[PDB]
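This report refers to the structure that appears directly beneath it.
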Ligand SMILES: CC(C)CCC[C@@H](C)[C@H]1CC[C@H]2[C@@H]3CC=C4C[C@@H](OC(=O)CCC(=O)O)CC[C@]4(C)[C@H]3CC[C@]12C
Ligand SMILES: CC(C)CCC[C@@H](C)[C@H]1CC[C@H]2[C@@H]3CC=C4C[C@@H](OC(=O)CCC(=O)O)CC[C@]4(C)[C@H]3CC[C@]12C
Ligand SMILES: CC(C)CCC[C@@H](C)[C@H]1CC[C@H]2[C@@H]3CC=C4C[C@@H](OC(=O)CCC(=O)O)CC[C@]4(C)[C@H]3CC[C@]12C
Ligand SMILES: CC(C)CCC[C@@H](C)[C@H]1CC[C@H]2[C@@H]3CC=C4C[C@@H](OC(=O)CCC(=O)O)CC[C@]4(C)[C@H]3CC[C@]12C
Ligand SMILES: CC(C)CCC[C@@H](C)[C@H]1CC[C@H]2[C@@H]3CC=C4C[C@@H](OC(=O)CCC(=O)O)CC[C@]4(C)[C@H]3CC[C@]12C
Ligand SMILES: FC(F)(F)c1ccccc1-c1cc(C(F)(F)F)c2[nH]c(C3=NOC4(CCCCC4)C3)nc2c1
Ligand SMILES: [Ca+2]
Ligand SMILES: [Ca+2]
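Residue numbers (the authors' numbering), protein chains in the order written: chain A, 1084 to 1110; chain B, 115 to 118, 125 to 132, 137 to 212, 217 to 235, 243 to 247, 260 to 274, 285 to 353, 360 to 544, 568 to 709, 735 to 1011, 1056 to 1110; chain C, 742 to 855; chain D, 1056 to 1083.
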């Protein structure tokens, strides 16, 4: 499953990047 | 005093002066349960575990414990645990109680609205502030022999919240070094744990303690929120035992972390790092110390560390030893004559000293005397690393022994020597657990050496043998292989590499595994063939067989009155064999059975010669008989000779395991023989006055009965009077008792069933049972017999700079492999999911920050 | 006072008793009881007294106990035949003693279970 | 008396060990 959980972290990283981008947008 | 105990009963520092001298000694540490005991407390298993571990730690460190002592809830259990531990440094449980809640009050008085806890050793009466003042004074107390920079470090434990608990927490926080600790579960402790805004505080307080708040007035709850704000101002003093945690030694970790944080935040002890390191050394905290101190590479040159290092060696903290070595430390330079002298003179247990005495006196060995004289030389006032390893292993320090062994250059040799030392110490047995641990550690070191040698042989087969042949280099009298032999290391010698080396040596210069029969047929180029042990053994076997043939010919065909020259040659050959055995006399000649047997044979031969030379018929006949008896031993020596067959040796060795079964068989057989023979002889014969015939008819005939012979004088029809004699003036058995009519008198219906039963028991049942036992025995011990034969093969065969660096490289690779081996499996994911929650927490924090930004 | 030593003494005494019984049975068995046979009777009754102590427990529960009672009964019956002073009677008494000797010897199997 | 208390202590330790034994594995 380590192979497969590995897939999960990519979604979290992309979501964090988008969150930072939108935070820059508002401010 | 009190009966169920001194009670000062003072009103609201001076008490401490009297306490120190009159009653008990000073405290390296102190612990306080600030939270009071509710009328009803939830004593779930986790609380019980936490407080039992806390009490055990207090006993280990020897600290006072402060509690109310009302005999309700938590304090009841703490007192019970304290009493049980003290009965089985010492723990002291001082208690304080106000006269308001005491039901019965009397002025050596005895005691029957709270009831005082019985388990508390001491109690104080007041006509809570006194507790705070006493804690403040004890904190302010200055002692020079303190690793905490003085101040007598104090830790306060909180289990359940409340008004009194919050007041106590606040007053303690106002004073410095409170070191408050709050557990996960509690009426108000959960609030504090969750917090680490008025609206959020109100929400947490309501959800965690809903009912009590409604009773409280608005102003009072506002004041409580102010108190909680004051507590929340400084989070470094607060420490929380999170609920999710379920590991061991949680209490010790929490206490150590809180005390370390308090010491670090002093703002004047921050510059000093030795104190922090010593504090983290007292408590088993490796990761925290490594992260805080050694990682930064701030202010230490690694030269002073020696001091701290010494303490670890005496306090059994192997992980800190490894940490010091990794971060830079020359053990060779640190180890000096003075350091070793201090280590051996004082820190060395005298029990091991007398045990060394007894071990040396009981048995003498080269390495035992070497280590003995080394330790005496150190005590009275050269490979010091070996001395440190010996000191560590002797005291049975498992982990530190391995850590030290990792540094020795003679890895396998050191392991074998340690195993031999442990076995020799275990020989001297006085405690079961001590001997068990000694033998277990010796076996572990043996297995480690076997693995290391497997790697050595795999990497380089040709030169791995040089390690076995390589000498000690001052390590000890013997080398690796001899050291393994002395400790009876069947596992080590039974591995493929050592057996292959032994075979290659025994075959000699002859090319190995050419063909067995070619070498026999063959019986400078010739010198190499003629100097091999195989050929020498073949020649000796041939000579012995020829000697047996000559002995038989002289004994049977040509044995005249006067010694003939051929018999003189026989004498010369036997004395030549005696001279050959003179060489082996140097070793434990009487230890083994075959050696004593050969000495016996030689003695019998010389006695037979003495009879031979008398020249009298009755004397030289007895000499011939002596020679005949000696021939049996001389021939039976072939069984010992042929233990190297590789096909017969294991089977021959197996015979040693059948002795118990043979003894049981013989015991039953002898009992039955005696019973049956006595019964029959008494039944069918009168008084016998010839001793020989008693045993000839009681023992001999039943013994023959198992070989298919059937008794004849048991049936009247079969019985024949020709063999027997009425009187004793003859050499044949006495006749059966007769009657007035001159006929046999025995009933004949008693003897026949008896004989049938005896024959059934002996001929059939017993032998089949023996066969079954032999089958089970050969099945059970088949594998161990191979190891035993391989071990004896060493004796049977022996009867007739760059390498150091390469060993270091191989050992370094092996150590790197084994250290990371646990991480190689990586079958645990909890470790790894743990990583996920950090991202979610950071994302939630950023989300809250951006939400604050917009609003 | 160790049980090991007491057991060793009892085993030695039992072996000596067996030797004495065999000697009386084979070499010296005369018409009129001899003092040596009287000593043998005394020893057997001493063993009976010793078993009286173990009688308190489940004496008939185990096989060896009933076997020893049977042996004692056979011995006393053989005595009764022995004292009649008739050839046909004391010969049967000798046969009885011979049969009893088998049980007395076979008790060693039970004795050596430790 | 002392033996009884020592037995109680050992039994308490054993009970605490066994009760939390199922949680020790934590294979779920
Ligand atoms: C009076 C003499 C000259 C006549 C005897 C004839 C044979 C009975 C002797 C002569 C040489 C002997 C052999 C000399 C050397 C050996 C090797 C010896 O060891 C092994 O074969 C296995 C050793 C290993 O595997 O390590 C076993 C016996 C054998 C065949 C001996 C067995 C008996 C032999 C054939
Ligand atoms: C009749 C008396 C007066 C003279 C001696 C009779 C011979 C027939 C005896 C003497 C020495 C004996 C031999 C001693 C040693 C050996 C080797 C032994 O083992 C092997 O042959 C091979 C061993 C292996 O495979 O390792 C077999 C029996 C043999 C020939 C023995 C069998 C019979 C021998 C020749
Ligand atoms: C489990 C089985 C197979 C084992 C024992 C069976 C038989 C071998 C035994 C059991 C009882 C024995 C019998 C007991 C009594 C007698 C009578 C006996 O003759 C007399 O008693 C006459 C005495 C006299 O003349 O004074 C001859 C043998 C016989 C049949 C015995 C012979 C063998 C028998 C049949
Ligand atoms: C009249 C004649 C021809 C037959 C009887 C004489 C013997 C055959 C008798 C006398 C006493 C008997 C013995 C009394 C006690 C024992 C021990 C018993 O085995 C045990 O000791 C174990 C008992 C258990 O397992 O509990 C088996 C029978 C045996 C030999 C008995 C079998 C038959 C014996 C030897
Ligand atoms: C007429 C008498 C004096 C001569 C008999 C000579 C031996 C046959 C006797 C004398 C003392 C006996 C020994 C007395 C005590 C014991 C110990 C006894 O128990 C054990 O050895 C193991 C007990 C355990 O391990 O718990 C076994 C028999 C033995 C050796 C007895 C076996 C037979 C012995 C050697
Ligand atoms: F392998 C074995 F042991 F035979 C055996 C194997 C399997 C089952 C039973 C036995 C066994 C055991 C015992 C005991 F355990 F009781 F000793 C026996 N005893 C006797 C007899 N007792 O006395 C006799 C000899 C003296 C004359 C009277 C008859 C034979 N036969 C037995 C058979
Ligand atoms: Ca020899
Ligand atoms: Ca009995």
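Every residue gets a Cβ at the ideal spot worked out from N, C-alpha and C, and that includes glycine.
- For ligand 6, residues qualifying as neighbours are 879/B, 883/B, 886/B, 887/B, 890/B, 965/B, 968/B, 969/B, 972/B, 976/B, 977/B, 980/B, 843/C, 847/C, 850/C, where qualification means a beta carbon closer than 7 Å to at least one of its heavy atoms (chain order).
- With respect to the C-alpha of residue 226/B, the residue from 187/B, 160/B, 294/B, 841/B having the closest C-alpha is 160/B.
- Annotation for residue 960/B indicates a beta carbon at 7 Å or more from all heavy atoms of ligand 7.
- The Cβ atoms of residue 597/B and residue 1010/B do not sit closer than 8 Å to each other.
- Counting the other Cβ atoms within 10 Å of the Cβ of residue 199/B gives 16 or more, which makes it buried.
- Two segments are said to touch when three or more pairs of C-beta atoms, one from each, lie closer than 8 Å; by this definition the region 805-823 of chain C touches the region 832-844 of chain C.
- Selection around ligand 7 by beta-carbon proximity, strictly under 6 Å to any non-hydrogen atom, yields 792/B, 795/B, 805/B, 806/B, 809/B in chain order.
- For the pair residue 327/B and residue 287/B, the CB atoms are not nearer than the 8 Å cut-off.
- Listed along chain B are 898, 899, 900, 905, each with a C-beta nearer than 8 Å to that of residue 768/C.
- Rounded to the nearest angstrom, the Cβ distance from residue 457/B to residue 472/B is 13 Å, too far for a contact under 8 Å.
- By the Cβ neighbour-count rule, residue 962/B is buried, with 16 or more other Cβ atoms within 10 Å of its own.
- If you check the C-beta of residue 963/B against ligand 3, you find a heavy atom less than 7 Å away.
- Among the residues facing chain D, residue 172/B is included, as its CB has a counterpart in that chain under 8 Å away.
- Contact residues of ligand 5 (beta-carbon closer than 6 Å to any heavy atom; chain order) are 749/C, 752/C, 753/C, 756/C, 757/C, 855/C.
- Remark: the shortest separation between the CB of residue 857/B and any heavy atom of ligand 1 falls under 7 Å.
- Taken in chain order, the members of the region 863-895 of chain B whose beta-carbon sits within less than 9 Å of a beta-carbon on chain C are 878, 879, 882, 883, 885, 886, 887, 889, 890, 891, 892, 893, 894.
- Taking a Cβ-Cβ threshold of 8 Å, the residues of chain B close to residue 1063/D are 208, in chain order.
- Buried is the label assigned to residue 1004/B, since at least 16 other Cβ atoms lie within 10 Å of its Cβ.
- The three-state secondary structure of residue 234/B, taken from DSSP, is coil.
- With respect to residue 769/C, residue 898/B sits close: the two C-beta atoms are nearer than 8 Å.
- Taken through DSSP and simplified to helix, strand or coil, residue 153/B comes out as strand.
- Residue 760/B has its Cβ nearer than 7 Å to a heavy atom of ligand 2.
- Relative to ligand 2, the nearest heavy atom lies less than 7 Å away from the CB of residue 853/B.
- Residue nearest to residue 322/B within the set 285/B, 392/B, 830/B is 285/B (criterion: CA-CA distance).
- Residue burial is scored here from C-beta neighbours: residue 192/B has at least 16 other C-beta atoms within 10 angstroms and is therefore classed as buried.
- Per DSSP, reduced to three states, the secondary structure at residue 670/B is helical.
- Beta bridge pairing from DSSP links residue 955/B with 949/B.
- Among the residues facing chain A, residue 1084/B is included, as its CB has a counterpart in that chain under 8 Å away.
- In chain D, no part has a C-beta under 9 Å from the C-beta of residue 184/B; the shortest such distance is about 16 Å.
- Contact between the region 1088-1098 of chain A and the region 1084-1099 of chain B is established, with three or more Cβ pairs separated by less than 8 Å.
- Taking all protein chains in view, the Cβ of residue 771/C is surrounded by fewer than 16 other Cβ atoms within 10 Å, so the residue is classified as exposed.
- Here residue 342/B is near residue 406/B, since their CB atoms are less than 8 Å apart.
- Runs of the beta strand (DSSP E) lying entirely within the region 458-535 of chain B and spanning at least 3 residues: none are present.
- Interface criterion met: the Cβ of residue 1099/A is under 8 Å from a Cβ in chain B.
- Taking 9 Å as the upper bound on Cβ-Cβ separation, chain A lies near no residue of the region 836-859 of chain B.
- Apart from the 5 residues on each side of it in sequence, residue 272/B sits with its Cβ closer than 7 Å to the Cβ of 127, 129, 225, 227 in its chain, given in chain order.
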